[PDB]
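*Asks:* Below is target-v2.cif; it holds mmCIF, N, CA and C atoms and all ligand atoms.
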data_run
#
loop_
_atom_site.label_atom_id
_atom_site.label_comp_id
_atom_site.auth_asym_id
_atom_site.auth_seq_id
_atom_site.Cartn_x
_atom_site.Cartn_y
_atom_site.Cartn_z
N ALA A 1 -25.99 -0.04 9.35
CA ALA A 1 -27.38 0.51 9.25
C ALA A 1 -28.01 0.01 7.97
N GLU A 2 -29.13 0.58 7.54
CA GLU A 2 -29.75 0.00 6.37
C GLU A 2 -29.12 0.52 5.07
N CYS A 3 -28.59 -0.43 4.31
CA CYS A 3 -28.01 -0.18 2.99
C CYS A 3 -26.89 0.85 3.05
N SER A 4 -26.29 0.99 4.23
CA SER A 4 -25.30 2.03 4.47
C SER A 4 -24.40 1.55 5.60
N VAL A 5 -23.16 2.02 5.62
CA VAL A 5 -22.31 1.76 6.76
C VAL A 5 -21.36 2.94 6.87
N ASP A 6 -20.97 3.25 8.11
CA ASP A 6 -20.01 4.30 8.39
C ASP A 6 -18.70 3.63 8.77
N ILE A 7 -17.60 4.05 8.15
CA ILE A 7 -16.30 3.41 8.32
C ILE A 7 -15.26 4.46 8.64
N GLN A 8 -14.33 4.11 9.53
CA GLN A 8 -13.23 4.99 9.93
C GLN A 8 -11.88 4.36 9.55
N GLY A 9 -10.95 5.18 9.07
CA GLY A 9 -9.56 4.75 8.92
C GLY A 9 -8.74 5.63 9.84
N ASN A 10 -7.93 5.05 10.73
CA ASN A 10 -7.24 5.86 11.73
C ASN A 10 -5.74 6.11 11.43
N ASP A 11 -5.00 6.65 12.42
CA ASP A 11 -3.60 7.02 12.22
C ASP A 11 -2.67 5.84 12.33
N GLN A 12 -3.23 4.68 12.68
CA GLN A 12 -2.46 3.45 12.80
C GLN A 12 -2.74 2.51 11.62
N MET A 13 -3.20 3.06 10.51
CA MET A 13 -3.50 2.27 9.28
C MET A 13 -4.49 1.18 9.55
N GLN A 14 -5.57 1.50 10.26
CA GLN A 14 -6.63 0.54 10.53
C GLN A 14 -8.03 1.02 10.12
N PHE A 15 -8.78 0.18 9.41
CA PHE A 15 -10.22 0.42 9.30
C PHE A 15 -10.88 -0.12 10.58
N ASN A 16 -12.06 0.40 10.93
CA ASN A 16 -12.81 -0.18 12.05
C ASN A 16 -13.88 -1.22 11.68
N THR A 17 -13.71 -1.83 10.52
CA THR A 17 -14.42 -3.05 10.17
C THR A 17 -13.58 -3.85 9.20
N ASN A 18 -13.75 -5.17 9.19
CA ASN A 18 -13.08 -5.99 8.21
C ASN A 18 -14.12 -6.82 7.47
N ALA A 19 -15.38 -6.51 7.73
CA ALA A 19 -16.45 -7.28 7.10
C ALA A 19 -17.69 -6.46 6.95
N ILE A 20 -18.14 -6.33 5.71
CA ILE A 20 -19.35 -5.58 5.38
C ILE A 20 -20.40 -6.49 4.75
N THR A 21 -21.60 -6.49 5.31
CA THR A 21 -22.69 -7.24 4.71
C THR A 21 -23.63 -6.30 3.97
N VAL A 22 -23.89 -6.62 2.71
CA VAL A 22 -24.82 -5.84 1.90
C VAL A 22 -26.09 -6.64 1.75
N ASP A 23 -27.20 -6.10 2.23
CA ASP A 23 -28.50 -6.78 2.16
C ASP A 23 -28.96 -6.80 0.72
N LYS A 24 -29.33 -7.97 0.24
CA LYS A 24 -29.62 -8.17 -1.16
C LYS A 24 -30.85 -7.38 -1.56
N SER A 25 -31.69 -7.02 -0.62
CA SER A 25 -32.87 -6.22 -0.92
C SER A 25 -32.46 -4.78 -1.27
N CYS A 26 -31.28 -4.35 -0.84
CA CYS A 26 -30.81 -2.98 -1.12
C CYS A 26 -30.61 -2.73 -2.60
N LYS A 27 -31.09 -1.60 -3.09
CA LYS A 27 -30.95 -1.27 -4.51
C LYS A 27 -29.58 -0.65 -4.76
N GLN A 28 -29.10 0.03 -3.74
CA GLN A 28 -27.74 0.55 -3.72
C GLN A 28 -27.20 0.47 -2.29
N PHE A 29 -25.92 0.71 -2.17
CA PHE A 29 -25.24 0.64 -0.91
C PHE A 29 -24.28 1.79 -0.78
N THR A 30 -24.19 2.33 0.42
CA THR A 30 -23.41 3.54 0.68
C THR A 30 -22.38 3.33 1.80
N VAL A 31 -21.16 3.79 1.54
CA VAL A 31 -20.10 3.77 2.55
C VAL A 31 -19.68 5.17 2.83
N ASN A 32 -19.67 5.53 4.12
CA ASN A 32 -19.27 6.87 4.57
C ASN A 32 -17.97 6.72 5.32
N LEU A 33 -16.90 7.28 4.76
CA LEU A 33 -15.57 7.10 5.30
C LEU A 33 -15.13 8.35 6.06
N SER A 34 -14.54 8.17 7.23
CA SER A 34 -13.95 9.30 7.94
C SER A 34 -12.58 8.91 8.43
N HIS A 35 -11.86 9.87 8.99
CA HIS A 35 -10.45 9.63 9.35
C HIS A 35 -10.13 10.27 10.69
N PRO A 36 -10.40 9.54 11.77
CA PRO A 36 -9.94 10.03 13.08
C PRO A 36 -8.44 10.22 13.07
N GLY A 37 -7.93 11.00 14.02
CA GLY A 37 -6.50 11.18 14.17
C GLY A 37 -6.06 12.56 13.76
N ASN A 38 -4.79 12.73 13.41
CA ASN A 38 -4.32 14.05 13.11
C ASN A 38 -3.34 14.07 11.95
N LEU A 39 -3.09 12.93 11.30
CA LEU A 39 -2.12 12.89 10.20
C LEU A 39 -2.75 13.20 8.85
N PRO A 40 -1.97 13.82 7.97
CA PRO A 40 -2.51 14.29 6.70
C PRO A 40 -2.50 13.21 5.63
N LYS A 41 -3.09 13.55 4.48
CA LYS A 41 -3.27 12.65 3.33
C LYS A 41 -1.97 12.03 2.80
N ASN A 42 -0.92 12.84 2.64
CA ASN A 42 0.32 12.35 2.04
C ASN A 42 0.98 11.29 2.89
N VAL A 43 0.64 11.30 4.18
CA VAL A 43 1.31 10.46 5.15
C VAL A 43 0.47 9.29 5.58
N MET A 44 -0.83 9.50 5.67
CA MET A 44 -1.73 8.51 6.23
C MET A 44 -3.08 8.63 5.53
N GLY A 45 -3.02 8.83 4.23
CA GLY A 45 -4.23 8.85 3.44
C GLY A 45 -4.98 7.51 3.38
N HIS A 46 -6.29 7.60 3.47
CA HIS A 46 -7.16 6.46 3.25
C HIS A 46 -8.26 6.67 2.20
N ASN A 47 -8.49 5.65 1.39
CA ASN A 47 -9.71 5.53 0.62
C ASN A 47 -10.39 4.21 0.86
N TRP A 48 -11.61 4.07 0.32
CA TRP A 48 -12.31 2.82 0.43
C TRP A 48 -12.61 2.42 -0.98
N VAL A 49 -12.02 1.30 -1.38
CA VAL A 49 -12.08 0.83 -2.74
C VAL A 49 -12.62 -0.58 -2.77
N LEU A 50 -13.55 -0.84 -3.69
CA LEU A 50 -14.19 -2.15 -3.84
C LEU A 50 -13.91 -2.80 -5.19
N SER A 51 -13.54 -4.07 -5.15
CA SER A 51 -13.31 -4.83 -6.36
C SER A 51 -13.57 -6.29 -6.04
N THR A 52 -13.59 -7.15 -7.04
CA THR A 52 -13.62 -8.57 -6.73
C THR A 52 -12.33 -8.89 -6.01
N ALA A 53 -12.31 -9.95 -5.22
CA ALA A 53 -11.05 -10.37 -4.63
C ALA A 53 -10.00 -10.69 -5.69
N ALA A 54 -10.43 -11.25 -6.82
CA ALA A 54 -9.49 -11.62 -7.85
C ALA A 54 -8.77 -10.42 -8.43
N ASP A 55 -9.48 -9.30 -8.47
CA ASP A 55 -8.99 -8.07 -9.06
C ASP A 55 -8.25 -7.15 -8.07
N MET A 56 -8.26 -7.49 -6.79
CA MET A 56 -7.72 -6.56 -5.79
C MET A 56 -6.23 -6.21 -6.07
N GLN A 57 -5.41 -7.21 -6.35
CA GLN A 57 -3.98 -6.94 -6.43
C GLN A 57 -3.67 -6.01 -7.58
N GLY A 58 -4.35 -6.23 -8.69
CA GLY A 58 -4.16 -5.42 -9.88
C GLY A 58 -4.51 -3.97 -9.61
N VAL A 59 -5.62 -3.77 -8.93
CA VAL A 59 -6.03 -2.44 -8.52
C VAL A 59 -5.03 -1.77 -7.57
N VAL A 60 -4.55 -2.52 -6.59
CA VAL A 60 -3.58 -1.97 -5.65
C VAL A 60 -2.31 -1.59 -6.41
N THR A 61 -1.84 -2.47 -7.28
CA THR A 61 -0.57 -2.24 -7.98
C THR A 61 -0.69 -1.04 -8.89
N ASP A 62 -1.76 -1.00 -9.68
CA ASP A 62 -1.93 0.11 -10.63
C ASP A 62 -2.22 1.43 -9.88
N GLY A 63 -2.81 1.33 -8.69
CA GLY A 63 -3.09 2.51 -7.90
C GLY A 63 -1.80 3.13 -7.39
N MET A 64 -0.89 2.30 -6.88
CA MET A 64 0.41 2.82 -6.42
C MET A 64 1.09 3.58 -7.55
N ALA A 65 1.04 3.01 -8.75
CA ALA A 65 1.75 3.62 -9.86
C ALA A 65 1.05 4.91 -10.31
N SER A 66 -0.17 5.15 -9.83
CA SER A 66 -0.93 6.30 -10.33
C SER A 66 -0.51 7.58 -9.64
N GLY A 67 0.05 7.46 -8.43
CA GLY A 67 0.59 8.62 -7.74
C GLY A 67 -0.38 9.28 -6.78
N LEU A 68 0.17 10.10 -5.90
CA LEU A 68 -0.60 10.80 -4.90
C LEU A 68 -1.63 11.76 -5.54
N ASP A 69 -1.28 12.38 -6.66
CA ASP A 69 -2.18 13.34 -7.30
C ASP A 69 -3.41 12.63 -7.89
N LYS A 70 -3.31 11.32 -8.10
CA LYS A 70 -4.48 10.53 -8.50
C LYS A 70 -5.06 9.70 -7.36
N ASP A 71 -4.72 10.07 -6.13
CA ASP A 71 -5.25 9.40 -4.96
C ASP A 71 -4.84 7.92 -4.93
N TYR A 72 -3.72 7.63 -5.58
CA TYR A 72 -3.19 6.27 -5.64
C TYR A 72 -4.25 5.28 -6.15
N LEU A 73 -4.96 5.68 -7.20
CA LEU A 73 -5.98 4.86 -7.82
C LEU A 73 -5.98 5.12 -9.34
N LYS A 74 -5.82 4.07 -10.15
CA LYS A 74 -5.79 4.25 -11.60
C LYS A 74 -7.12 4.81 -12.10
N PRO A 75 -7.09 5.94 -12.80
CA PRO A 75 -8.36 6.50 -13.27
C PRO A 75 -9.12 5.56 -14.19
N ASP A 76 -10.44 5.48 -14.03
CA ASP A 76 -11.32 4.71 -14.92
C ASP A 76 -11.02 3.20 -14.90
N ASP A 77 -10.32 2.73 -13.87
CA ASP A 77 -10.05 1.30 -13.70
C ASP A 77 -11.38 0.53 -13.77
N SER A 78 -11.57 -0.29 -14.79
CA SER A 78 -12.81 -1.04 -14.94
C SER A 78 -13.04 -2.08 -13.85
N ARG A 79 -12.00 -2.38 -13.07
CA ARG A 79 -12.10 -3.36 -12.00
C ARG A 79 -12.62 -2.76 -10.68
N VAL A 80 -12.69 -1.44 -10.60
CA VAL A 80 -13.07 -0.81 -9.33
C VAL A 80 -14.58 -0.65 -9.41
N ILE A 81 -15.28 -1.33 -8.52
CA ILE A 81 -16.74 -1.32 -8.52
C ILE A 81 -17.23 -0.02 -7.95
N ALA A 82 -16.57 0.45 -6.89
CA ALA A 82 -16.92 1.73 -6.28
C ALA A 82 -15.69 2.19 -5.50
N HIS A 83 -15.60 3.48 -5.24
CA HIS A 83 -14.50 4.00 -4.45
C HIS A 83 -14.80 5.40 -3.95
N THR A 84 -14.19 5.72 -2.82
CA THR A 84 -14.11 7.09 -2.34
C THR A 84 -12.82 7.70 -2.84
N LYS A 85 -12.63 8.97 -2.49
CA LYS A 85 -11.38 9.66 -2.72
C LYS A 85 -10.48 9.33 -1.54
N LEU A 86 -9.21 9.67 -1.68
CA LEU A 86 -8.22 9.55 -0.62
C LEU A 86 -8.42 10.73 0.33
N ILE A 87 -8.50 10.44 1.63
CA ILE A 87 -8.63 11.48 2.66
C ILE A 87 -7.62 11.40 3.77
N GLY A 88 -7.32 12.57 4.30
CA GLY A 88 -6.49 12.69 5.48
C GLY A 88 -7.35 12.86 6.73
N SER A 89 -6.70 13.06 7.87
CA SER A 89 -7.43 13.25 9.13
C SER A 89 -8.37 14.42 9.09
N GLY A 90 -9.52 14.26 9.75
CA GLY A 90 -10.51 15.32 9.81
C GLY A 90 -11.35 15.48 8.56
N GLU A 91 -11.11 14.65 7.54
CA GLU A 91 -11.84 14.77 6.28
C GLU A 91 -12.89 13.67 6.18
N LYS A 92 -13.82 13.83 5.25
CA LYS A 92 -14.89 12.86 4.99
C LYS A 92 -15.13 12.66 3.49
N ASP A 93 -15.35 11.41 3.10
CA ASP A 93 -15.88 11.14 1.78
C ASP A 93 -16.77 9.90 1.79
N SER A 94 -17.68 9.85 0.85
CA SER A 94 -18.64 8.76 0.80
C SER A 94 -18.78 8.28 -0.61
N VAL A 95 -19.30 7.06 -0.76
CA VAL A 95 -19.65 6.55 -2.08
C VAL A 95 -20.92 5.70 -1.99
N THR A 96 -21.78 5.90 -2.97
CA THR A 96 -23.00 5.10 -3.18
C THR A 96 -22.83 4.33 -4.48
N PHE A 97 -23.15 3.04 -4.46
CA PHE A 97 -23.09 2.27 -5.66
C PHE A 97 -24.27 1.30 -5.79
N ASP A 98 -24.64 1.03 -7.03
CA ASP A 98 -25.66 0.05 -7.31
C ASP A 98 -25.32 -1.34 -6.90
N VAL A 99 -26.24 -1.93 -6.19
CA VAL A 99 -26.03 -3.30 -5.75
C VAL A 99 -26.12 -4.32 -6.90
N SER A 100 -26.75 -3.94 -8.01
CA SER A 100 -26.82 -4.82 -9.18
C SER A 100 -25.41 -5.07 -9.76
N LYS A 101 -24.42 -4.27 -9.38
CA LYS A 101 -23.04 -4.51 -9.80
C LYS A 101 -22.40 -5.64 -9.03
N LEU A 102 -23.10 -6.18 -8.03
CA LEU A 102 -22.60 -7.34 -7.31
C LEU A 102 -23.40 -8.56 -7.63
N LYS A 103 -22.75 -9.72 -7.60
CA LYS A 103 -23.43 -10.98 -7.77
C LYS A 103 -23.16 -11.92 -6.62
N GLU A 104 -23.97 -12.96 -6.52
CA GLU A 104 -23.75 -14.04 -5.56
C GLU A 104 -22.69 -15.00 -6.08
N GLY A 105 -21.96 -15.65 -5.18
CA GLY A 105 -20.92 -16.56 -5.61
C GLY A 105 -19.74 -15.82 -6.21
N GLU A 106 -19.55 -14.58 -5.75
CA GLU A 106 -18.35 -13.81 -6.06
C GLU A 106 -17.80 -13.25 -4.75
N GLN A 107 -16.49 -13.40 -4.53
CA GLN A 107 -15.84 -12.81 -3.37
C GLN A 107 -15.47 -11.37 -3.71
N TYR A 108 -15.91 -10.42 -2.87
CA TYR A 108 -15.50 -9.04 -2.98
C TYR A 108 -14.61 -8.66 -1.82
N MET A 109 -13.67 -7.78 -2.13
CA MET A 109 -12.79 -7.18 -1.14
C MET A 109 -12.90 -5.67 -1.18
N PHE A 110 -12.86 -5.04 0.00
CA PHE A 110 -12.64 -3.61 0.11
C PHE A 110 -11.27 -3.37 0.74
N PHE A 111 -10.65 -2.28 0.34
CA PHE A 111 -9.29 -2.01 0.75
C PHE A 111 -8.93 -0.55 0.55
N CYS A 112 -7.80 -0.15 1.11
CA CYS A 112 -7.24 1.16 0.84
C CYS A 112 -6.02 0.98 -0.09
N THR A 113 -5.87 1.88 -1.08
CA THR A 113 -4.81 1.74 -2.06
C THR A 113 -3.61 2.63 -1.78
N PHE A 114 -3.63 3.30 -0.64
CA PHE A 114 -2.46 4.09 -0.27
C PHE A 114 -1.29 3.12 -0.14
N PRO A 115 -0.10 3.53 -0.57
CA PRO A 115 1.08 2.64 -0.61
C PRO A 115 1.34 1.88 0.69
N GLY A 116 1.30 0.57 0.55
CA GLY A 116 1.56 -0.33 1.65
C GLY A 116 0.39 -0.52 2.61
N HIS A 117 -0.68 0.29 2.48
CA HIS A 117 -1.78 0.20 3.45
C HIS A 117 -2.62 -1.09 3.32
N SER A 118 -2.70 -1.67 2.12
CA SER A 118 -3.71 -2.71 1.91
C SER A 118 -3.35 -4.00 2.63
N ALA A 119 -2.10 -4.12 3.09
CA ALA A 119 -1.73 -5.32 3.80
C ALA A 119 -2.56 -5.34 5.07
N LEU A 120 -2.90 -4.16 5.59
CA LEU A 120 -3.60 -4.05 6.86
C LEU A 120 -5.03 -3.59 6.67
N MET A 121 -5.24 -2.71 5.69
CA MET A 121 -6.52 -2.04 5.52
C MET A 121 -7.33 -2.71 4.43
N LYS A 122 -7.93 -3.82 4.81
CA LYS A 122 -8.72 -4.61 3.89
C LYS A 122 -9.75 -5.47 4.57
N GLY A 123 -10.80 -5.79 3.83
CA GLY A 123 -11.81 -6.65 4.41
C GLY A 123 -12.69 -7.25 3.34
N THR A 124 -13.66 -8.02 3.77
CA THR A 124 -14.56 -8.68 2.84
C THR A 124 -15.84 -7.88 2.71
N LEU A 125 -16.47 -7.98 1.54
CA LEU A 125 -17.80 -7.41 1.33
C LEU A 125 -18.64 -8.50 0.72
N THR A 126 -19.76 -8.77 1.38
CA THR A 126 -20.59 -9.86 0.93
C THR A 126 -22.05 -9.51 0.77
N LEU A 127 -22.64 -9.95 -0.34
CA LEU A 127 -24.05 -9.77 -0.57
C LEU A 127 -24.84 -10.92 0.00
N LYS A 128 -25.77 -10.62 0.90
CA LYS A 128 -26.63 -11.65 1.47
C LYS A 128 -27.99 -11.11 1.90
HG HG B 1 -4.92 3.85 3.95
HG HG B 2 -6.16 -9.04 -1.77
#
Show me this structure written as structure tokens.
Ligand SMILES: [Hg+2]
Ligand SMILES: [Hg+2]

*Replies:*
Amino acid sequence: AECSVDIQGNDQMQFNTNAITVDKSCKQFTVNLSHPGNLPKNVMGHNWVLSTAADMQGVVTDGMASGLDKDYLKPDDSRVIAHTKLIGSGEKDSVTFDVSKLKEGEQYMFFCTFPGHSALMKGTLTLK
């Protein structure tokens, strides 16, 4: 939709998109995350985390080490452009971020930092 997208993470460790386009005219962009299924956060938690592609691995690694009580995301990580909280089934979280934090000629990735999820739960985010 305009300057916004709705995203689902399911019980099979899947997002329902692997590619997000952000319209350059947008002043900010919003992601609304939900979690179909019936499994809880500790088992099948999802978040939506944005970083440059170059920074993704560092964020994933430091997030795992941060623990479940930190939503598997390092607090105040300067590499995380925007993020939701970790959610289980039946829950919702959203994030709005300034589009000025993105540039052209930079590859962005979105992913989930729950342990082992990012191998499957990841995609591209592009400003155009
Ligand atoms: Hg996940
Ligand atoms: Hg990556």

*Asks:* Determine the nearest neighbour of ligand HG 2 (chain B) from the options A:39, A:121, A:127, A:19, counting only C-alpha atoms and all ligand atoms.

*Replies:* A:121

*Asks:* How many Å lie between atom C of residue 88 in chain A and atom C of residue 35 in chain A, rounded to one decimal?

*Replies:*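 Atom C of residue 88 in chain A sits 5.5 Å away from atom C of residue 35 in chain A.
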
*Asks:* Within 6.5 Å of ligand HG 1 (chain B), counting all atoms listed in the file, which protein or nucleic acid residues do you find, written as a list in words?

*Replies:* residues 13, 44, 45, 46, 47, 112, 113, 114, 117, 118 and 121 of chain A

*Asks:* With only C-alpha atoms and all ligand atoms as the atoms that count, which of A:50, A:87, A:65, A:73 lies nearest to ligand HG 2 (chain B)?

*Replies:*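 Nearest to ligand HG 2 (chain B): A:50.
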
*Asks:* For CA of residue 28 in chain A and atom C of residue 57 in chain A, quote the distance in Å rounded to one decimal.

*Replies:*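 Separation between CA of residue 28 in chain A and atom C of residue 57 in chain A: 25.2 Å.
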
*Asks:* Which residue, A:56, A:102, A:64, A:82, has the smallest gap to ligand HG 2 (chain B) when you use all atoms listed in the file?

*Replies:*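 Using all atoms listed in the file, the shortest distance to ligand HG 2 (chain B) belongs to A:56.
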
*Asks:* Nearest to residue 103 in chain A among A:86, A:126, A:119, A:58, with distances taken over only N, CA and C atoms: which residue is it?

*Replies:* A:126

*Asks:* Please measure the separation of CA of residue 97 in chain A and atom N of residue 54 in chain A, giving the value in Å to one decimal.

*Replies:*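 It comes out at 18.6 Å.
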
*Asks:* Any idea what's packed within 12 Å of residue 49 in chain A, counting only C-alpha atoms, ignoring anything in its chain fewer than 2 positions away? Could you give it as number ranges by chain?

*Replies:* A: 31-33, 46-47, 51-53, 55-57, 59-60, 63, 71-74, 77, 79-86, 93-97, 108-114, 118, 121-125

*Asks:* Using backbone DSSP assignments, extract all helix (DSSP H, G or I) residues from range 20-105 of chain A; output them as an mmCIF file with N, CA and C atoms, in the coordinates of the input.

*Replies:*
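Full text of selection10.cif as output:
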data_model
loop_
_atom_site.group_PDB
_atom_site.id
_atom_site.type_symbol
_atom_site.label_atom_id
_atom_site.label_comp_id
_atom_site.auth_asym_id
_atom_site.auth_seq_id
_atom_site.Cartn_x
_atom_site.Cartn_y
_atom_site.Cartn_z
ATOM 1 N N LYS A 41 -3.090 13.550 4.480
ATOM 2 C CA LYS A 41 -3.270 12.650 3.330
ATOM 3 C C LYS A 41 -1.970 12.030 2.800
ATOM 4 N N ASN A 42 -0.920 12.840 2.640
ATOM 5 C CA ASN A 42 0.320 12.350 2.040
ATOM 6 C C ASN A 42 0.980 11.290 2.890
ATOM 7 N N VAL A 43 0.640 11.300 4.180
ATOM 8 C CA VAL A 43 1.310 10.460 5.150
ATOM 9 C C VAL A 43 0.470 9.290 5.580
ATOM 10 N N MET A 44 -0.830 9.500 5.670
ATOM 11 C CA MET A 44 -1.730 8.510 6.230
ATOM 12 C C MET A 44 -3.080 8.630 5.530
ATOM 13 N N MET A 56 -8.260 -7.490 -6.790
ATOM 14 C CA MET A 56 -7.720 -6.560 -5.790
ATOM 15 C C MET A 56 -6.230 -6.210 -6.070
ATOM 16 N N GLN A 57 -5.410 -7.210 -6.350
ATOM 17 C CA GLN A 57 -3.980 -6.940 -6.430
ATOM 18 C C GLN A 57 -3.670 -6.010 -7.580
ATOM 19 N N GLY A 58 -4.350 -6.230 -8.690
ATOM 20 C CA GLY A 58 -4.160 -5.420 -9.880
ATOM 21 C C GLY A 58 -4.510 -3.970 -9.610
ATOM 22 N N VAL A 59 -5.620 -3.770 -8.930
ATOM 23 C CA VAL A 59 -6.030 -2.440 -8.520
ATOM 24 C C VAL A 59 -5.030 -1.770 -7.570
ATOM 25 N N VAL A 60 -4.550 -2.520 -6.590
ATOM 26 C CA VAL A 60 -3.580 -1.970 -5.650
ATOM 27 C C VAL A 60 -2.310 -1.590 -6.410
ATOM 28 N N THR A 61 -1.840 -2.470 -7.280
ATOM 29 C CA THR A 61 -0.570 -2.240 -7.980
ATOM 30 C C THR A 61 -0.690 -1.040 -8.890
ATOM 31 N N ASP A 62 -1.760 -1.000 -9.680
ATOM 32 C CA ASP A 62 -1.930 0.110 -10.630
ATOM 33 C C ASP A 62 -2.220 1.430 -9.880
ATOM 34 N N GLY A 63 -2.810 1.330 -8.690
ATOM 35 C CA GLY A 63 -3.090 2.510 -7.900
ATOM 36 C C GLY A 63 -1.800 3.130 -7.390
ATOM 37 N N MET A 64 -0.890 2.300 -6.880
ATOM 38 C CA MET A 64 0.410 2.820 -6.420
ATOM 39 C C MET A 64 1.090 3.580 -7.550
ATOM 40 N N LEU A 68 0.170 10.100 -5.900
ATOM 41 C CA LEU A 68 -0.600 10.800 -4.900
ATOM 42 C C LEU A 68 -1.630 11.760 -5.540
ATOM 43 N N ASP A 69 -1.280 12.380 -6.660
ATOM 44 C CA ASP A 69 -2.180 13.340 -7.300
ATOM 45 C C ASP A 69 -3.410 12.630 -7.890
ATOM 46 N N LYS A 70 -3.310 11.320 -8.100
ATOM 47 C CA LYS A 70 -4.480 10.530 -8.500
ATOM 48 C C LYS A 70 -5.060 9.700 -7.360
ATOM 49 N N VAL A 99 -26.240 -1.930 -6.190
ATOM 50 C CA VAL A 99 -26.030 -3.300 -5.750
ATOM 51 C C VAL A 99 -26.120 -4.320 -6.900
ATOM 52 N N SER A 100 -26.750 -3.940 -8.010
ATOM 53 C CA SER A 100 -26.820 -4.820 -9.180
ATOM 54 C C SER A 100 -25.410 -5.070 -9.760
ATOM 55 N N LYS A 101 -24.420 -4.270 -9.380
ATOM 56 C CA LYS A 101 -23.040 -4.510 -9.800
ATOM 57 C C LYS A 101 -22.400 -5.640 -9.030
#
